[PDB]
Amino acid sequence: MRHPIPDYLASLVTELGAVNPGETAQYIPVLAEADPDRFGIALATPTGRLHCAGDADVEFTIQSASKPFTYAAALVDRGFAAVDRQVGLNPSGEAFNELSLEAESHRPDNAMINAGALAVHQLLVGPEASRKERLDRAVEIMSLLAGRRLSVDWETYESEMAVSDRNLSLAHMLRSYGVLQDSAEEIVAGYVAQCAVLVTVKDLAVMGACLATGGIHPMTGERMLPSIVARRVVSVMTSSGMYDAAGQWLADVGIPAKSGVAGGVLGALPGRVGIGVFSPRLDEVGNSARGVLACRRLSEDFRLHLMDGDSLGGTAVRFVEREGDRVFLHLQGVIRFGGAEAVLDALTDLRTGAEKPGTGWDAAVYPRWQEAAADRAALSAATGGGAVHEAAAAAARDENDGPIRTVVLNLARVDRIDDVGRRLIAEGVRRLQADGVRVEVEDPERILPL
């Protein structure tokens, strides 16, 4: 059988491809002349899968879509403090107002706008880095997430460098205020080359997947960026990626994304998917007309919306078996606060101490809640509590005859766990032993420690 997702993409391409409104980027001859009859799309999954359709192997300059990647590198190369002092976090239109730098901050609004991107480039390696080191540091970060050595299309670079008065304007203003140190020409040159890096709809998908996983490369499993750094990048994509229309975009689509004037659109939905879309023509506000509509389709047909929750929940608890005197509690999935939290519910739901719990709510006041609670399997199916309820069960009819003396924690089925999970699950075990309960942790591939 053939995977049905790519067939969905092919249908979407054909349906939305029935028309092609808008225009190709006019302010740069090379892009205005590009072939408009192109439309491709790709989805890179968290686990390493790649679905596509249409022109998804056609290279094009990434332009603005490169902004979240250089921001990432700047954060790793200089640290938050140095970068935040130069780049802000507020949404705004690309139209520039000097008043935004007059603030006691003296820094452009965010990293998605040109002025902010020029400050990011300037920060790329260190204060004593040359023009060349910063350029390939840019090319390097994009290349490392794309999984292959990328190149700069000098034809576009030269084409744009000849009509770069606006960005030179932005760079000179930024210097007067001290956000740039080197020359306006030098920083603008590096950013224009940066925007000229060539990628395909599939490179973007994979690059976006790196951000969606929190920094881990989906095709290898190695960490390319620290999760805290990726969180900030996807955060700014959502609040500023679509400028003044971000509010409308978050609600109707709900996907962190950034478009580029060459037709490309980058998407990255944490924990679920990396998206790459390509369609030359732009709408009245500068984005890829079909590129963004296609994102809206993916969101409406699949509910791939940042506000549509998809958590591990109680499913972190694979099962709870009360063999006899000992209890077997197995865990699974990627454990973070979500799973760790449920785990703590399981452990606590065993009577390993005088059970004088704090319901939290007055049963007398909420008769409905008590009734619903009376059937824990039903309520657990309606919310999504996995096998956590098997804990109250083990401590149920089974405790009527015999106390629990040993608890085995098996983590074989667990893929990974962050520090938050580790510290929480650790504490839960520390408190078990305190109840005079034996606790043995069966962890084949030592994952538990910090």
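Think of the rigid core as the biggest set of C-alphas that the two forms share within 1.5 Å after superposition. Residue numbers run from 1 along the displayed sequence.
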{"item": "In 6 other deposited structures of this protein, rigid core aligned: more displaced of 96 to 104 and 194 to 202 by C-alpha RMS", "value": "96 to 104"}
{"item": "Which of 262 to 270 and 246 to 254 strays further in 6 other deposited structures of this protein - Cα RMS after rigid core alignment", "value": "246 to 254"}
{"item": "Test item: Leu411 lacks coordinates in at least a third of other entries", "value": "no"}
{"item": "Entries skipping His121: at least a third of other ones", "value": "no"}
{"item": "Entry-level comparison of average CA B-factors, 418 to 426 and 60 to 68, reporting the higher stretch", "value": "418 to 426"}
{"item": "Mean C-alpha temperature factor, higher of 14 to 22 and 428 to 436", "value": "428 to 436"}
{"item": "Candidate set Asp109, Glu371, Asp182, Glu284 [ranked by C-alpha B-factor, highest]", "value": "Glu371"}
{"item": "Out of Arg272, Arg326, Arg78, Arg166, highest CA B-factor residue", "value": "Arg326"}
{"item": "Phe337, C-alpha B-factor rank within chain (lowest, middle or highest third)", "value": "middle"}
{"item": "Chain-relative CA temperature factor third for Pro4", "value": "lowest"}
{"item": "Chain third (lowest, middle, highest) by recorded CA B-factor, residue given as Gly360", "value": "highest"}
{"item": "Third of the chain's Cα B-factor distribution that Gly353 belongs to, per the entry", "value": "highest"}
{"item": "Entry-reported Cα temperature factor of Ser299, expressed as the chain third it lands in", "value": "lowest"}
